[PDB]
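In the form deposited in one PDB entry, a lone chain appears below as structure tokens.
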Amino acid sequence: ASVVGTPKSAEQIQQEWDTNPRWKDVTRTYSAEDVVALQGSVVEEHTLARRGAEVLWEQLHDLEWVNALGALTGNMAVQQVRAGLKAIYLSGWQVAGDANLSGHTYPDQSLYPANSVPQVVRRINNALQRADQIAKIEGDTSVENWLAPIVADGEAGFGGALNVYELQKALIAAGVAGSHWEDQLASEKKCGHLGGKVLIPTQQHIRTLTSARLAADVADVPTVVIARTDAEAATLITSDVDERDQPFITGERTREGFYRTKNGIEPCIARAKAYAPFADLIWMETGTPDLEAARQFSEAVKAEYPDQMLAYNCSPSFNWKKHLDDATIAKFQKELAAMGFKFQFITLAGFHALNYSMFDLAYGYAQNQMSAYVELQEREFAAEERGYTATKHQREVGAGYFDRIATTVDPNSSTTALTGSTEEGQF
């Protein structure tokens, strides 16, 4: 026996819940006692999940707004933080298309193994940690906080409340700062911009949001919980059992047993209000990037929860210039921030940056061989004045940090890496 990791008392938890401003608008339908009962006799400390959640929350209140780009590899997250961003978005869509545990390429329908996003959260954290270790030994203060908070996609939870619970717990173990959960049927989950969506009853999503906060409380971390509604476009729901949903039920039924329901901003506003006591940020998927519709939603929701922060998906699934002109595109995010959209993100930023850059390099390489690659290397060199450091790739991935480990173990090692390298001699 030991006292390392001993659980706090229910009294202690109740107290934090009652005094920490963090929980000011947070309703919990279970007790402090209930949380303790599930903690066993040892509570593991989740440093990155704690730090990340705390940082994210402060930024949400200290900045005009927090934006982010989707990252599907650790290096992507490193470049986003090097360029100055202060949060990382981990898209489940990108994980399905190019970074999931089945090894397959999938459309965004919850087809991949449920521990896939948690593994990428752990991966992004490992990469940021390596960047952080490297910055320290290089005396580089170019970046204030390498461990930027990660907001990750919990999709529709991959099942019922217990699958939701295990996903949240695994995201936390991996070091996530925030997670989002949507009101769709897991078995028919869709990207918000794909058709064929099936909502689940308002209450069921409340059970999901409740389960996610519960896993966060049992793991002793203040994870930011985000509720997403897919009701703007969904015309199906699994059941009419919930009276808050009935006003939209048409009565028509499908062969699968689903119910037709009237889609639009109205159902989104209703669900948003019902989810508000259980969500630190609320988000409604929309069919076009429209400041006016965004404002309607914002005023409507804040008219009942003035302090409710909102999230917005600046989706690559929109044909941006088909809808907006440069002036509006230019002010898009600043406008939204004014409305209360404090977390903004380009979900598929990484998928497109990766696919395009490689198509572009490879197309050139197919025509001119080395000339096309040299053009890129020169662009990298030119970007150094902007803060870019990866042209010197050995140090970027830690060659200098491992050299430090090697010489700490054996100062006389004759097998260190950077000394005598072409990096040291040509860059």
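Heads up: residue numbers just count along the shown sequence, starting at 1. So that the term is clear: the rigid core is the largest set of C-alpha atoms that superpose within 1.5 Å between two forms.
Just so it is clear, the following notes concern the form deposited in another entry, a form of the same protein that is not shown.
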{"property": "Core-fitted Cα difference of 2 Å or more between the shown form and the other one, single residue among 217, 232, 240, 188", "result": "188"}
{"property": "C-alpha of residue 9 moved at least 2 Å between the shown form and the other one on rigid core", "result": "no"}
{"property": "Residue 19 C-alpha relocation of at least 2 Å between the shown form and the other one, rigid core basis", "result": "no"}
{"property": "Core-aligned C-alpha movement of residue 413 between the shown form and the other one, 2 Å or more", "result": "yes"}
{"property": "Pairwise C-alpha change, residue 250 versus residue 193, in the other form against this form - closer or farther, 3 angstroms or more", "result": "closer"}
{"property": "Distance trend in the other form - C-alpha atoms of residue 303 and residue 193, change of 3 Å or more", "result": "farther"}
